[PDB]
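# Return atomic coordinates for the entry below.
(6 chains)
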Amino acid sequence: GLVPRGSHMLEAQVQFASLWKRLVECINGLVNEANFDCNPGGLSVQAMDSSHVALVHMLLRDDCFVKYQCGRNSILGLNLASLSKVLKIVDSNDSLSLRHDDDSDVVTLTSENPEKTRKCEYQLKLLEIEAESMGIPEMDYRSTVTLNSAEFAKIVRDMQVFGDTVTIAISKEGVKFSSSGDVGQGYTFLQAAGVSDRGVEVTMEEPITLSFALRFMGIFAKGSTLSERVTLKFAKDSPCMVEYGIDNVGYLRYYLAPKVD
Amino acid sequence: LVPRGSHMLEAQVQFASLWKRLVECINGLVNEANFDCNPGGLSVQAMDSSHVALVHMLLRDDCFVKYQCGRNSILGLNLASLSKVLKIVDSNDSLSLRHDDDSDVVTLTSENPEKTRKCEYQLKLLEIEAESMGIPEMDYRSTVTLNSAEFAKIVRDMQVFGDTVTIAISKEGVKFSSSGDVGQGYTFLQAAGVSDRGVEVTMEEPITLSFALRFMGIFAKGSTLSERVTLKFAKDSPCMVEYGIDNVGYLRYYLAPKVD
Amino acid sequence: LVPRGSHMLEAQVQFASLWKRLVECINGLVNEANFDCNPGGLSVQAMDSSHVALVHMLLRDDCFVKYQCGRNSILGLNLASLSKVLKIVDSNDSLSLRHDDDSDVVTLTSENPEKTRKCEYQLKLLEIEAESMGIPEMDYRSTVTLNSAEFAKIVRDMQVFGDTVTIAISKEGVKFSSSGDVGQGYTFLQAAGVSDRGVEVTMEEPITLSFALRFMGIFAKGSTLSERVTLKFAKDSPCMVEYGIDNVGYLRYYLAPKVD
Amino acid sequence: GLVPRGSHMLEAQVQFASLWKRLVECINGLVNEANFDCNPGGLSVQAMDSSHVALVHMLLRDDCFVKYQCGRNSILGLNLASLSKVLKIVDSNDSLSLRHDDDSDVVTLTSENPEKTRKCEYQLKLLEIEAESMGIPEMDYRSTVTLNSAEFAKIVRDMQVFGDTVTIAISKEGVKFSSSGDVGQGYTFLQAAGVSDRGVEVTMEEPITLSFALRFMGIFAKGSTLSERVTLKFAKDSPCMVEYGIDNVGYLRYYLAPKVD
Amino acid sequence: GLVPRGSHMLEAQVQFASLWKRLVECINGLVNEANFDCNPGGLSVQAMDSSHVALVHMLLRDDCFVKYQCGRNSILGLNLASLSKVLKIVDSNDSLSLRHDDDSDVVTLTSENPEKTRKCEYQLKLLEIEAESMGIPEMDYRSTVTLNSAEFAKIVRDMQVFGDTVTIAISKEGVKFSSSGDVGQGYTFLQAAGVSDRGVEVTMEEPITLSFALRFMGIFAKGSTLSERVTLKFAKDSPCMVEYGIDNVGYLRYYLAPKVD
Amino acid sequence: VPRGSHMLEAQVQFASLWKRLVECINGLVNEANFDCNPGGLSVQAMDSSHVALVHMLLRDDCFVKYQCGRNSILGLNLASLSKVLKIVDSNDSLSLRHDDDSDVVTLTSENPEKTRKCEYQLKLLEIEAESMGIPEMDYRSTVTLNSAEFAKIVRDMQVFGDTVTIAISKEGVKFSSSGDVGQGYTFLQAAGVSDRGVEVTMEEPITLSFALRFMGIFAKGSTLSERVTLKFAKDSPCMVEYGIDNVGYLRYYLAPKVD
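Numbering: from 1, shown residues only, chains lettered A, B, ... in the order given. Let me share the structure:
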């Protein structure tokens, strides 16, 4: 429309800061620095734990924000430790505008009350983070179980009293989480209770039984702060995946290698 | 006409909160103990490593929604572990404790009202001797009964001063006293009129004993089981602190007095 | 018995929560302090071990349901201990502070509305040398008043960044600022004139001073006593933060500025 | 025509009390009460830990004592805790006569200096300790390693900084102790023998690799107070054994179940 | 006449500070504050435990010190807890000059190496400690036993594994220390010996048997740090006494009430 | 292909060095970064209250074998590292090794006689760059004394207060403290010429005060050097230096106490 532009603003603001708070918590659990791809499609974070066993892919679609503006595709490295420290002090119900200028070695967070009587502005030095080394697995999922996010969280926390490894067994009827160790042996069995209305949606293709490091399942289960339900997808000798939907305006997705023997 | 398949103990309580609250109490005093299961119910009797204090707990068979102890088996358990497992069991779930014929393992089974979740934990069991220490007896000259939680507060409070509390019983009240660096404290409770909360003294003479707060503290955890608590005393004799479980049982602690 | 004298000094407050909340506040700054008791009321005046910051607290005599300070006695107290004792005293119980002649010990007496419980604690007293001071006054050009708890939050917040906060006052609002490894933060508060919510700025010129957050933090504990809090400033001069104890007293802190 | 009765049942005196001291310490580590079979063949103690995972067998042959007398086979239950408390106060270099009478409900320990100017006498109430009496596994020990008792002790203490489980791997050419946990991963490898000619006397039949609870290895390693060397014997899916010889006049032998890591 | 008239002073220097260190330790065991009478005859301390069961009397004659000066008779109250804290840091082989100006209220300790390269000076605030209400008791008439100080110390420590009360029985033969409790029953018997030093010098008039609180005997036995030998004196239904000679320039003397029917 | 390398390998002959060092520095901070240049290993780190700073350097000639062609930074949990070094024999060798992107560093110990070999592996951090920079240059007054006397003197002064006052004079140096117990001082005379035995070398008289908590942490240095050197400057961080020399140093810096 007879109008050009060489500079950047890259300013996106969410209405309720509680979202960012709850997210960073989740992902800081896994890694302490990460890149923030901002496309016009929305913000993504893709990052892998220092042991290259687990992967976290988070996407916040552009309809997630009350205002969003990412002309070109800039990438922003951030210290998540610091970012968490700042978000810890930001009121849940305040707004939060994340902003970056043309090349400015610094990103800025701006918070404001509903009533406009208080305004906060924090500035973080940015990094410096080498491209992710990749990559996401592809990869087709035979069996799929969906359950209350917080029950899931409880179950991992519970299983950890026994071991540092959980064994997940899927049957059409239900799913069984199992653990062993000094204290003894535990299991929690969840029945599938069909055909409607909400409470465990198994949907397998065959029986399938994999094992996983609880350390990481625990880090993932933090997701329950974002979604009332959570979905786990499995495939034989293949990374499982745990998915937490954000309100149709995004997702948080974790992938973890099975234990091998 | 028909025996088999076997095998021989099942004890299910409706609300797991009971077991949770109990084990907490008794774990405070000892870290392993034997679980006599008669057809009369489950008892635990055990003494602290310094042989100064004694727990006796009994859960009568009417305490359980379902109970079955044909012969009298004894089950040693690590209370530390048992506590760890009970910590993860929902208060309002059921909890069936089960053991089979010579099975080196006892099993705890929890289930929702609603039957959509089922949990099952298994603990290796121990050979614990099975131990000497003889339960002592009355007569109990003086007897005081009070709100369980006030009692709890009072010990916690007295511990800011010393590691020893002095309990003095008088017609119309009881006085808990302590000393130490911080200074000197006392709490006095009056008796007389309605005693429900509210302090039912019922002495025979005045009587004044002293006790290790470390242990009174361990006992006071009992407040999680009974709104009220009863203390019984006798000169130069182990006092006793009793917490009733709903008429279906008791938790009873006994502690030696301090000497001068 | 006619030295004279004599001799007792009784100061009872209705709700012990006050004393609890106070001692907490001031224990944050110093661990022993003198309690001047005039017939005018109790004052505490004391300075931090680095001689950077000063507390002045006054509880007027109309603060107490019952007060008696014939002559002007001074009572040194270990605040650490006093805090330990007040921690155990129920918020809603009464609390009579009492001293006799010449009795090396002050006594705290608590009682519940319903008179069924009575507590009595005794503290050895000190021995505290007069405070080289003083107090500064009073030439406060422009000030600011805000919600006590917002203030508290703001300090706690600013500490994630630095150990120093910079307070900038302007017609319009006030800006708290900090720097450090994590980065740079500020919180700006807006409002025009004099009205409670939310910020009554009332300056004479713009003025910008800096302070040690360590101490602002200690002060902010005041939010337990007063919904609002007032800060007064003067160029190259100790600021002051004031917490009104309703209409019966105050808690006031003064802190040296930073050159920077 | 001889003398008939009495008195009296048992007298067992050792020259240097240091032995008893060092023994009880060892075994008190495993159990807090135990039975003392006194045959004319000597004193034995056989006892098992409360979890029925580990077994002590100690034998002091009759030639171990300067004077020994056990006509019939009496059994004496003892609180090892108490016994330890008493032995703690008995001088190493004093004599120590253990005595029990016909009736009695009490055993008596009597200590005396070389120079006869001091005499101590302690009396312990004895117990009825029940079975068992399991009482011992055998035999076919495929692989066998022998090493300095104190190095062994160090090695367990060391491995415990990592985990609560040690993995022992035996090869021609040496033995490798391994552990894992939060702190990280450790191993100690001992070479020899041989490494001709000649710790560490390995003498295997095949390679063999078992794991064990360090809690118990630790309890055992206390044995180093009795013997300069220590011998470990193993067999696949079978209780290992750790043996400490007493001067040809006896042994202390521990047996421990393998772990499933 | 060559005579002044002053208002001052007190200086008491010992060559080896180890003495003061070892003393204060002994006494601090019994009480935490005490008065230090300084005569020209020497320093005495007389004090009684908070339960008025046991009494210390210590005297350091003026020939004990390399330099001593107590013109008039001043009294100095001291916190023994603090004094112990300061003496803990003073080298055993350094000198130690204790001194007081007059009414200042502070006493000063001054330490110096043999080689004069280091000098330490500590100052303690002094107390008003109220005069000692209790009279020393009197009639020590035999029985009397003397023995190695450290054997004595051992014997109390030993007897405490059993009870909190020791029973001392004196006979022409020897002396018997006895105790009872949960652990069981112990005794130690010492025979009256030998060649040099006889090695236990009993010197009774009749047999005599009293009992005592081990708590206090223990506190006393700390005296073994000052004298190789120790002497105990008894009288029926009368405070015993335990005396530790320094060996000729002073004494430390404890008195303790017997236990009664 | 003449190699690079590649890698990192740093072996010391006697492990006692590493043991004694980590102890010292673990006293101040529980995690720290290990810059490995070809110049040697340095650690630079600051206490959580940003009052005190530790700089340690081990020059490359310190090691029987050293190889850091290029640079790499290794974060380490010092608590864990201390736990592992606690079990390593003083007189064993100790090779510290790291491979290309390996999330783990490895410690390898071996006896003189090659009959025992130990290998421990630590997960690595994750520690954000140090920030607060080294100060310079004190310049004016300087005292040097027996490391252990110094250690004693701090431990001693702590019975009184939590603050020590150091006064330097041509005569000597005076350490002073106050508190409930009372008041102490220790005075050291300048003896000489060399060595304990106290080498004062001032420019004017100068008197500063310091937190004993930290002087205590530093004094642990006496395990590395028989002597220790303190340098001061008015209203300026003092410094306490322990020199392995010429192989390396351990250096602490601490803020003075202000009015």
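# Go through the strand or helix carrying residue A:202 and flag the buried ones.
Counting by DSSP states H and E, the element that carries residue A:202 is strand A:201-203. By neighbour count on 16 or more other CB atoms under 10 Å in any protein chain shown, the buried set for strand A:201-203 is residue A:202. From N, CA and C alone the C-beta is placed, and that goes for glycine too.
# check contacts around the closest residue to residue A:218 other than its chain neighbours.
Closest residue to residue A:218 apart from its sequence neighbours, by CB to CB, 6 or more residues apart in numbering or on different chains: residue A:156 at 5.1 Å. Residues in contact with residue A:156, defined by CB atoms under 8 Å, 6 or more residues apart in numbering or on different chains, are A:166, A:214, A:217-218, A:221.
# that older thread, ok now whichever helix or strand comes after the strand holding residue A:202, how far from the chain's centre?
Following strand A:201-203 in sequence order, the next helix or strand is strand A:208-213 (DSSP H and E). Taking CA atoms, centre = their mean, to the nearest Å, one finds strand A:208-213 lying 21 Å from the centre of the chain it belongs to.
# mind saving the C-alpha coords of the following helix or strand past strand A:208-213 as PDB?
Going down the chain from strand A:208-213, the next helix or strand is helix A:214-221, by DSSP H and E. Provided in PDB are the C-alpha atoms of helix A:214-221 (Å, rounded to 0.1, in the frame of the first residue of the first chain):
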ATOM      1  CA  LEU A 214      10.900 -40.100  36.400                       C
ATOM      2  CA  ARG A 215      13.300 -37.100  36.800                       C
ATOM      3  CA  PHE A 216      12.000 -35.900  33.400                       C
ATOM      4  CA  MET A 217       8.400 -37.000  33.700                       C
ATOM      5  CA  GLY A 218       8.400 -34.900  36.800                       C
ATOM      6  CA  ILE A 219       9.800 -31.900  35.000                       C
ATOM      7  CA  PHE A 220       7.000 -32.300  32.300                       C
ATOM      8  CA  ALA A 221       4.200 -32.800  34.800                       C
END
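# And for helix A:214-221, what's in contact with it?
Helix A:214-221 has contacts (CB under 8 Å, 6+ apart) with A:29-30, A:49, A:53-54, A:149, A:152-153, A:156-157, A:159-160, A:163-166, A:179, A:230, A:242, A:254, A:256.
# what inclination does it have with respect to strand A:208-213?
Helix A:214-221 and strand A:208-213 are oriented at 100 degrees to each other (axes from the mean of the first three to the mean of the last three CA atoms, to 10 degrees).
# Would you mind pulling up the elements that the helix or strand just after helix A:214-221 packs against?
Next along the chain after helix A:214-221, taking DSSP H and E as the criterion, comes strand A:229-235. With contacts defined as 3 or more CB pairs under 8 Å, 6 or more residues apart in numbering or on different chains; DSSP states H and E, strand A:229-235 has these neighbours: strand A:143-148, helix A:149-159, strand A:165-170, strand A:208-213, strand A:238-246.
# Walk me through which strands strand A:229-235 pairs with, and which way each runs.
According to DSSP bridges, strand A:229-235 forms sheet pairs with strand A:143-148 (antiparallel), strand A:238-246 (antiparallel).
# Now do the contacts for residue A:14.
By CB under 8 Å, 6+ apart, the neighbours of residue A:14 are A:20, A:64-66, A:95-96.
# let's see it at 6 Å
A:65, A:96 (CB atoms under 6 Å, 6 or more residues apart in numbering or on different chains).
# With residue A:159 instead?
Per CB under 6 Å, 6+ apart, neighbours of residue A:159: A:166, A:177, A:179.
# cool, residue A:129 as well?
A:33, A:35, A:77.
# same thing but 7 Å
Residue A:129 makes contact with A:33-35, A:77, according to CB atoms under 7 Å, 6 or more residues apart in numbering or on different chains.
# Dump those into a markdown table; add secondary structure and neighbour count as well.
What follows is the contacts of residue A:129, written out as a markdown table (DSSP: H, G, I helix; E, B strand; the rest coil; neighbours: other CB atoms under 10 Å in any protein chain shown):
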| residue | secondary structure | neighbour count |
| --- | --- | --- |
| A:33 | strand | 18 |
| A:34 | strand | 25 |
| A:35 | strand | 19 |
| A:77 | strand | 15 |
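# So which of those residues is the closest to chain E?
Within these, proximity to chain E (CB to the nearest CB) peaks at residue A:33, which comes in at 49.2 Å.
# correct me, but the closest one touches residue A:80?
Yes - judged on CB atoms under 7 Å, residue A:33 makes contact with residue A:80 at a distance of 5.8 Å.
# Quick check: the two most widely separated of the contacts of residue A:129?
A:33 and A:35 (8.3 Å; CB to CB).
# Strands of the stretch 1-150 of chain A, start to end?
Under the criterion DSSP state E, counting those that start in this stretch, the stretch 1-150 of chain A contains strands at A:12-14, A:33-38, A:42-48, A:54-61, A:74-79, A:95-100, A:106-112, A:118-125, A:143-148.
# roughly how far apart are residue A:240 and chain C?
35 Å (CB to the nearest CB, to the nearest Å).
# Quick check: the gap between the closest residue to residue A:150 other than its chain neighbours and residue F:253.
Leaving aside its chain neighbours, residue A:150 sits nearest to residue A:224 (4.7 Å; criterion: CB to CB, 6+ apart). For residue A:224, the distance to residue F:253 equals 47 Å [CB to CB, to the nearest Å].
# give me the number of residues near the closest residue to chain E within the stretch 1-150 of chain A?
Chain E sits closest to residue A:85 of the stretch 1-150 of chain A, with a gap of 42.4 Å, by CB to the nearest CB. Neighbourhood size, residue A:85 [other CB atoms under 10 Å in any protein chain shown]: 19.
# likewise the one 4 residues further on?
One way to gauge burial is a neighbour count; for residue A:89, by other CB under 10 Å, it gives 20.
# ditto for residue A:39
Neighbours of residue A:39 using other CB under 10 Å come to 15.
# now swap in residue A:59 and tell me
Residue A:59: 19 neighbours (other CB under 10 Å).
# now it, nearest residue through space, not along the chain?
Residue A:59's closest residue in space is residue A:44 (CB to CB, 6+ apart), at 4.7 Å.
# Enumerate the beta-bridge partners assigned to that neighbour.
Residues in beta-bridge contact with residue A:44 (DSSP bridges): residue A:37, residue A:59.
# so who does it touch?
By CB under 7 Å, 6+ apart, the residues touching residue A:44 are A:37, A:58-59.
# Recalculate using a threshold of 10 Å.
By CB atoms under 10 Å, 6 or more residues apart in numbering or on different chains, residue A:44 lies in contact with A:35-38, A:57-61, A:250-251.
# isn't residue A:113 right up against residue A:90?
No - between residue A:113 and residue A:90 there is no contact under CB atoms under 10 Å: 11.2 Å.
# circling back: need the overlap of contacts for residue A:33 and residue A:35.
A:47, A:77-78, A:127, A:129.
# one step back: which one's more surrounded, residue A:113 and residue A:90?
residue A:90 (19 against 15).
# What backbone torsions are found at the more buried one?
Torsion angles at residue A:90 (phi, psi; degrees, to the nearest 10) stand at phi -100, psi 130.
# Flag every residue of chain A that's near chain F.
Residues of chain A lying close to chain F (CB under 10 Å from any CB of the partner chain) are A:31-33, A:49-52, A:79, A:81-82, A:127-128, A:133.
# how would you label whichever residue of the stretch 51-200 of chain A sits closest to chain E: helix, strand or coil?
Of all residues in the stretch 51-200 of chain A, residue A:182 sits closest to chain E, with a separation of 32.6 Å (CB to the nearest CB). The three-state label given to residue A:182 by DSSP: H, G, I helix; E, B strand; the rest coil is coil.
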